[PDB]
Amino acid sequence: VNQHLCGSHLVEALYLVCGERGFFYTX
Amino acid sequence: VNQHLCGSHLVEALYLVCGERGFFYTX
Amino acid sequence: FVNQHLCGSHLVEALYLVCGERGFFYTX
Amino acid sequence: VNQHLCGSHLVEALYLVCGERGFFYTXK
Amino acid sequence: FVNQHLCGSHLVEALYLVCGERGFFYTX
Amino acid sequence: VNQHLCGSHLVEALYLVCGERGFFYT
Amino acid sequence: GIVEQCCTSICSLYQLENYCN
Amino acid sequence: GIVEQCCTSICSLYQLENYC
Amino acid sequence: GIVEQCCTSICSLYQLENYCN
Amino acid sequence: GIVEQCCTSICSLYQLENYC
Amino acid sequence: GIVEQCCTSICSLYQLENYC
Amino acid sequence: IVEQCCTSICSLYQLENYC
Ligand SMILES: [Cl-]
Ligand SMILES: [Cl-]
Ligand SMILES: [Zn+2]
Ligand SMILES: [Zn+2]
């Protein structure tokens, strides 16, 4: 479950950093 | 700027809904 | 409104912090 | 505490999933 | 404005990630 | 890395509680 | 409602505390 | 797309599931 | 029970639906 | 110290108010 | 100024780094 | 991304690889 929570923050971070380029997420 | 904020909630929603399938995002 | 939906998301987080042990109800 | 943090995500999740029905939350 | 208030929430989250070890100050 | 995650929730909480006074994080 | 009051003007923690329990 | 559809009107979980 | 059920193991959307109303 | 104080045990609203 | 600058137009990570 | 950044804190440059 700790991984699931971290994933939520990870996806938020990618959204900010990647900007116009966008990003991809998979487990 | 509202589009930028909505995008943040959008990726969080996609993260929960898409699960194992994962997803792609590009503003 | 889409803005209302976004605001609601922040509202439930706020209630979660403020209400503590009492818990809460939310309905749009 | 990890439980307090988990609760925050759970409430966000309930908000999206329950939609118009709304939901209830209490940390017991 | 309520919209300013919501935006601020995202701003503080962003500063937390970007500023890292340096930390930051916030005042509305 | 649990502390880093906790920090994210901490700043969100400080933002709501402190209101007009604002707050500091380091 | 909470949405009517707090999504039109900024509600404080004390204001929000009314919707607990 | 998703931004046009879900930031102009509230999308449901099922609506969002299409972009997975 | 949601904290006990969903904070020890990952709950699915359907599992979470039990706490709606 | 907030990380030391509030990430090991749940801090209350009053406790958090110290960091305002 | 951060609210004025970043809530009226989208601020980047580099732009935001100024308020650190 | 899960393997690298959920066991240790990833930096902005490190995370940018998943863009
Ligand atoms: Cl928002
Ligand atoms: Cl967390
Ligand atoms: Zn979290
Ligand atoms: Zn928001």
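Our subject is the structure that appears above.
In this report, we go over the structure that sits alongside the text.

## Focus: the interface of chain E and chain F
- The interface is formed by 13 residues belonging to chain E together with 15 residues belonging to chain F.
- Those elements giving two or more residues to the side of chain E that touches chain F turn out to be α1 (2-19) and β1 (24-26) of chain E.
- At six residues, α1 of chain E tops the list of elements feeding residues into the side of chain E that touches chain F.
- Looking at chain direction, β1 of chain E and strand β1 (residues 23-25) of chain F are connected through three bridges and run antiparallel. Considered in β1 of chain F, the bridge of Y26 of chain E is made with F23 of chain F.

## Digging into the pattern of salt bridges
- For the salt bridge of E17 of chain J with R21 of chain F, the shortest nitrogen-to-oxygen distance reads 2.5 Å. On the criterion of chain membership, the pair formed by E17 of chain J in the segment after α2 (13-16) and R21 of chain F in the loop between α1 (2-18) and β1 is interchain, its members lying in two chains.

## Comments concerning the packing of aromatic side chains
- Between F24 of chain C and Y25 of chain D the ring centres are 6.3 Å apart and the planes differ by 45°, which places this aromatic pair in the tilted class. Of the two residues, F24 of chain C sits in strand β1 (residues 24-26) while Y25 of chain D sits in strand β1 (residues 23-25), which places them in two different chains.
- Pairwise contacts between aromatic rings join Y15, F23 and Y25 of chain A together with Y15, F23 and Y25 of chain B into one cluster.

## Structural notes on the packing of helix α1 (residues 2-19) of chain C against helix α1 (residues 2-18) of chain D
- Two elements in contact, α1 of chain C and α1 of chain D, have axes whose closest approach is 10 Å; the angle formed by their N-to-C orientations is 150°. By the criterion of interaxial angle, the relationship of α1 of chain C to α1 of chain D is roughly antiparallel. With respect to the hand of their crossing, α1 of chain C and α1 of chain D are arranged in right-handed fashion. Two secondary-structure elements touch here, α1 of chain C through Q4, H5, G8, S9, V12 and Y16 of chain C and α1 of chain D through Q3, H4, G7, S8, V11, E12, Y15 and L16 of chain D.
- Across the contact of α1 of chain C with α1 of chain D, the residue classes tally to five nonpolar, eight polar and one charged.

## Some points on α1 of chain E
- Across its 18 residues, α1 of chain E extends 26 Å between first and last C-alpha, which sits within 8% of the 26 Å expected from 1.5 Å per residue.
- After α1 of chain E finishes, the residue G20 of chain E shows a positive phi value of roughly 55°.

## Quick word on helix α1 (residues 2-18) of chain B
- The end-to-end C-alpha distance of α1 of chain B, which contains 17 residues, comes to 24 Å, matching closely the 24 Å that a straight helix rising 1.5 Å per residue would cover.
- Once α1 of chain B ends, the next one or two residues include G19 of chain B, with phi positive near 55°.

Conventions we followed
- Numbers given for residues start from 1 on each chain and follow the written sequence, which can depart from the numbering in the entry; residues without coordinates are excluded.
- Note on labels: chains are lettered from A, ligands numbered from 1, in written order.
- As a rule here, side-chain values cover all heavy atoms of the structure and leave hydrogens and water aside.
- Residues with missing side-chain atoms are left out of burial classes, side-chain pairs and their counts.
- Residues count as neighbours in contact if any of their non-hydrogen atoms are within 4.5 Å of one another.
- Helix and strand definitions here come from DSSP, where helices need a minimum of 4 consecutive H or I residues and strands a minimum of 2 consecutive E residues; each element is numbered from the N-terminal end.
- Pairing between two strands is assigned when DSSP locates at least 2 bridges connecting them.
- Salt bridge, as used here: a side-chain nitrogen of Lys or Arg that lies within 4 Å of a carboxyl oxygen of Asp or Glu.
- To pair, rings of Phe, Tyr and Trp, with the six-membered ring standing in for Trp, must have centres within 6.5 Å; the planes then decide the type, stacked if under 30 degrees apart, edge-to-face if over 60, and tilted in the middle.
- Angles shown run from 0 to 180 degrees and are taken between the N-to-C directions of axes, each axis being a line fitted to C-alpha atoms and, for helices, limited to the stretch in contact.
- Note on angle classes: values under 35 degrees are labelled roughly parallel, values over 145 roughly antiparallel, values of 65 to 115 roughly perpendicular, and the remainder oblique.
- Left-handed is the label given to a crossing in which the near helix is rotated counterclockwise from the far helix by less than a right angle, and right-handed is the label when the rotation is clockwise.
- For this classification, the nonpolar set comprises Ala, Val, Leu, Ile, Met, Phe, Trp, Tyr, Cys and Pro, the charged set comprises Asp, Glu, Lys and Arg, and every other residue, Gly included, is treated as polar.
- An expected span of 1.5 Å times one less than the residue number is assigned to each helix.

Purely spatial values, then, with no claim about function.
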